[PDB]
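Undergrad: Supplied in structure tokens, the structure appears directly below.
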Amino acid sequence: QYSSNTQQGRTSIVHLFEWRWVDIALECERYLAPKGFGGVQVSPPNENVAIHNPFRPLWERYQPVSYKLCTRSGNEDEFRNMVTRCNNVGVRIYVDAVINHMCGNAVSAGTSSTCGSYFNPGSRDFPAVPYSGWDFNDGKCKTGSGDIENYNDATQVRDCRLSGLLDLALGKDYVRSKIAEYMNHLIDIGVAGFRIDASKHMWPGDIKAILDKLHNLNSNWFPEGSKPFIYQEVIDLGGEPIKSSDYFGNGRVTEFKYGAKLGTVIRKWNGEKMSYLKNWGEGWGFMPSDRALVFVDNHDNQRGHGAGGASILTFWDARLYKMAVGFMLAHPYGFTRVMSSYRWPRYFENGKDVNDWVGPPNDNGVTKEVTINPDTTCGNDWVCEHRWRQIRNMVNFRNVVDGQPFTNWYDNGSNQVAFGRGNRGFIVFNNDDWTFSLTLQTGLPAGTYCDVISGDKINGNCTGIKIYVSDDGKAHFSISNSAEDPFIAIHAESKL
Ligand SMILES: [Ca+2]
Ligand SMILES: [Cl-]
């Protein structure tokens, strides 16, 4: 469950948040494959509640109605078509598995669901599964409200309803079996693994029993004995009875401390500075590198109300964001996930973005297709951070330097830092309020290297800045603090 199962030499996954299956299938072929992306995390592919107030929020996808593969992203045929086409070009699909719960307990009964299945929350009835009252934790939960009220009590966090979400009785084999059934369908179609939603709200043991029933990955694309890559969503910044480490037995775990600290550092808040990143990783209290799923931001916290709060960097803060994402992708700690977002009408009323619920670009509820501009950015209010040159090139940087050690670290005691990855890559950052002009040991073979932040290597030349590494591995870097992208990166495959 720890192996990503990506093609050899692909090291990142991208979250194509709320994208339609047909758009992801094309993206695999036209972009993710040739640019070296390892795979895609998709939004939950199972039927969910169609929430009409507010109008089709992003959060309705976290309220299952059944396990039919039928959502605004598309139907089962389109899902299968996407998984096949992506696998056929060496790009994996990872499914967002929402298995802790069904929908909100106060949602109205009816067929307001993305595949038209009937369900009745009040009576605990989901016949398209089917699940009935006996399949929920109503009788196990000990709080007066039936909901989670106190995070200091690990059992209620597991047995009670998260904000009213009907809590499945994962201790039961029948329930374990229906979820496994769904996950196996996905596995056999060709899925490489799963993001396990709301893992904190489930006993590590129940997750185990569910995973125990899973098939090996599809033997047309994956070697014999292959197991689904598992990464569990647990937000753990310390101070609670539940710990990320409680889930290591099942797979990787999201390391939410990662983006929270990095965002603090790059913004230079709370006394933090880049030179402190020299012992980035376990040195900062993070979980072991081999269990961490890292990211600068995710679909929840980019809206500003995750544990990292306001310190989380996003596409809205593009300049600092690119740098944070670049630092992440260059650094060997963890397995990296890059965010890909859509724009929404962000509106703050004293502290909250009252539009943080807004779903993807849409025409009356129908998700818009992703259009590609001539310069390869996206239209239809899809941000496509993964297509920004500065990020896309760093995705390749990580592939190029895979397995090389963190080395040749430099810092000026403030916010000018640099480091290498063995003899295959080197990156330099200026986050101080004056220019960074200095000759540095890069660890690389002598030559002329294209900076892949400023530009690209194409046909024996560079479209951007050129860095000259001499016989002793040293190179001069000059980065003005007024640079729009105040960082440079070069690697073995950007050498002329
Ligand atoms: Ca639960
Ligand atoms: Cl996540």
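Undergrad: Would you calculate the separation in nanometres between label points at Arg346 and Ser123, each defined as 7 Å from the Cα along the Cα-to-beta-carbon direction?
TA: Label-label distance for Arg346 and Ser123, simple model: 4.5 nm.
Undergrad: Next up: Treating the angle as unsigned and between 0 and 90°, give the value, to the nearest 10°, between the Cα long axis of helix 256-266 and the longest Cα principal axis of the chain.
TA: Roughly 40 degrees between the two axes.
Undergrad: Turning to a different aspect of this structure: In the chain, which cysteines lack any other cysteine Cβ under 4.7 Å from their own?
TA: Singleton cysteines: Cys103.
Undergrad: Shifting gears a bit: So for region 313-408, what percent of the C-alpha to C-alpha distances run longer than 20 Å? Numbers along the way, then the final one.
TA: Numbers: 2276 of 4560 pairs.
The proportion of pairs with Cα distances above 20 Å equals 50 percent.
Undergrad: Shape call for region 2-403 from the C-alpha gyration tensor, a ≥ b ≥ c root eigenvalues: rounded (a/c under 1.5), prolate (a/b greater than b/c) or oblate? Write out the running numbers ahead of the final one.
TA: On the way: a/c = 1.34, a/b = 1.23, b/c = 1.09.
It comes out rounded by the Cα gyration axes.
Undergrad: Rounded to the nearest 20 Debye, what is the dipole magnitude of region 404-496 about its Cα centre when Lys and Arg each give +1 and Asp and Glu each give -1 at the C-beta?
TA: On the way: 6 positive and 10 negative charges, 72 e Å.
Using only the charged Cβ atoms, the result is roughly 340 debye.
Undergrad: Quote the FRET efficiency, to the nearest 0.05, computed for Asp317 versus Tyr174 with a Förster distance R0 of 35 Å and r equal to the Cβ-Cβ distance. Please list the in-between numbers first.
TA: Values: r = 47 Å, r/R0 = 1.34.
Taking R0 as 35 Å, the efficiency between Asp317 and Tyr174 is 0.15.
Undergrad: Report the label-to-label distance for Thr463 and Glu369 in nanometres (one decimal), using points 7 Å from each Cα along the Cα→Cβ vector.
TA: Each label point lies 7 Å from its Cα, and together they span 2.5 nm.
Undergrad: Also, I was wondering about something else. How do 428-439, 340-351 rank on mean C-beta neighbours within 10 Å, highest first? Before the final figure, lay out each step's value.
TA: Values: 428-439: 18.5, 340-351: 13.9.
Per-residue Cβ counts within 10 Å, averaged per peptide and sorted highest first, yield 428-439, 340-351.
Undergrad: What share of the DSSP beta bridges in the chain is antiparallel, in percent to the nearest 5?
TA: The answer is about 60 percent antiparallel.
Undergrad: Given 0.36 nm per residue, what is the gain on full extension from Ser163 to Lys474 after removing their alpha carbon distance, in nm?
TA: Details: separation 311, 0.36 × 311 = 111.96 nm, distance 5.61 nm.
Extending this stretch completely gives an extra 106.3 nm.
Undergrad: Continuing with this model, one more query. What is the distance in Å between the Cα centroid of region 189-254 and that of region 426-495?
TA: 39
Undergrad: Taking just the alpha-carbon atoms of region 21-94, what radius of gyration and Dmax come out, in angstrom?
TA: For region 21-94, the Cα radius of gyration and maximum Cα-Cα distance read 13.5, 41 Å.
Undergrad: List, largest first, the extents of the alpha carbons of region 404-496 along their principal axes, each in whole Å.
TA: 36, 27, 20
Undergrad: For region 139-145, what does the Karplus curve 6.51 cos²θ - 1.76 cosθ + 1.60, with θ = phi - 60°, yield as ³J(HN,Hα) per residue in whole Hz, taken in order and with x for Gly and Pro?
TA: x, 7, 4, 10, 7, x, 7
Undergrad: Compare the Cα positions of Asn393, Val83, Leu320 along the charge dipole of the chain (+1 at Cβ of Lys, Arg; -1 at Cβ of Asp, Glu; about the Cα centre) and return the one farthest towards the positive end.
TA: Toward the positive end, the furthest listed residue is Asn393.
Undergrad: Something else: Rounded to whole Hz and in sequence order, give me ³J(HN,Hα) for region 182-190 from the Karplus expression 6.51 cos²θ - 1.76 cosθ + 1.60, θ = phi - 60°, writing x for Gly and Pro.
TA: 4, 5, 5, 4, 4, 3, 5, 5, x
Undergrad: Next question, about the same structure. From the helices alone, meaning DSSP H stretches of at least four residues, give me the mean residue ellipticity at 222 nm for the chain, per-run term -39500 (n - 2.57), in deg cm²/dmol to the nearest 500. Walk me through the numbers on the way to the answer.
TA: Details: 8 runs with 89 residues, N = 496.
-5500 deg cm²/dmol, from helical runs alone.
Undergrad: Express the relative contact order of the chain as a whole percentage, based on alpha carbon pairs under 8 Å and six or more residues apart in sequence. All intermediate terms of the calculation are to be shown ahead of the outcome.
TA: Values: 1098 pairs, mean separation 61.4, N = 496.
Value for the chain: 12 percent.
Undergrad: So, with +1 on the Cβ of K and R and -1 on the Cβ of D and E, and no other charges, what is the size of the charge dipole of the chain about its Cα centre, to the nearest 20 debye?
TA: Working: 51 positive and 55 negative charges, 142 e Å.
It works out to roughly 680 debye.
Quick note: the coordinates plus some simple rules give every number you see, no bench work behind them. Neighbour counts are summed over all protein chains in view; Cβ atoms, including those assigned to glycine, are modelled from backbone coordinates with ideal geometry.
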